[PDB]
Each structure stands twice: as C-alpha cells, then as structure tokens.
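Please treat every number below as a calculation from the coordinates, not as lab data. Methodologically, a virtual Cβ is constructed for each residue, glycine included, from the backbone with ideal geometry; neighbour enumeration extends over all protein chains shown.
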Amino acid sequence: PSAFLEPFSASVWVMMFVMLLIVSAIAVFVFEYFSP
Amino acid sequence: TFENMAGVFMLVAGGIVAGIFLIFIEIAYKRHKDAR
C-alpha cells in the first residue's frame, strides 16, 4: 500500500492540490479586503 | 476517495466562507463602537 497517495485516499488525486490553492487565495483576498 | 469526504468538505467550506463574510461586518461594527 501507498500511504498518503491516491490508493490510500482521494483516488482522484487531481482536485485537492487546486482546492488548497483556491481556498488559500480566497482567504488572502478576504484578509486583504477586511483590513480597513 | 469519493464524495463521502467531499460532502463534509463542501459543508465546512461553505460554512466558513459564509461565516467570514457575515462576521467581517460584525467585526467592523464592533471596532466602530469601541472607537466611536
């Protein structure tokens, strides 16, 4: 078995890498917008 | 591996993105009240 790989979990394996990026981007955007 | 974790991921993501938006105005109002 391959630990922390597609067979272990999240067999799609091509969505979380961009999900983390987009959630980080939206968090940065809201943090910038809420500064004033 | 499938939608089993994706459902809770979507739920928590929607919850947090709604909460930040609905609480930014509350934080701004609290700051304005504390610094009238």
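Of everything in chain A, what is more than 18 Å from B:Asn4 (Cβ to Cβ) and either surrounded by 12 or more Cβ atoms within 10 Å (Cβ to Cβ) or touching a residue at least 40 places away in the same chain (Cβ under 8 Å) (or both)? Give them in sequence order.
Scanning chain A gives A:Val23, A:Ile26, A:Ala27, A:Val30, A:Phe34.
Can you tell me which residues in region B:5-36 are of a type in the set (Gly, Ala, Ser) and either within 12 Å of chain A (Cβ to nearest Cβ) or part of a helix (DSSP H, G or I) (or both)? Give the steps one after another, and end with the answer.
The first filter runs over region B:5-36 and keeps only residues of a type in the set (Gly, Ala, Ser), leaving B:6-7, B:13-15, B:18-19, B:28, B:35.
Correct list: B:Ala6, B:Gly7, B:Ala13, B:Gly14, B:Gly15, B:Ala18, B:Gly19, B:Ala28.
Quick one: in region A:1-19, which of the residues that are within 11 Å of another protein chain (Cβ to nearest Cβ) and among the aliphatic types (A, V, I, L, M) is farthest from B:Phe9 (Cα to Cα)? Don't jump to the end; show me each part of the working.
Keep residues of region A:1-19 that are within 11 Å of another protein chain (Cβ to nearest Cβ), which gives A:6-13, A:15-16, A:19.
Of the ones still in play, those that are also among the aliphatic types (A, V, I, L, M) are A:10, A:12, A:15-16, A:19.
Details: A:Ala10: 12, A:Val12: 15, A:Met15: 12, A:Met16: 11, A:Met19: 10 Å.
Top of the filtered list is A:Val12.
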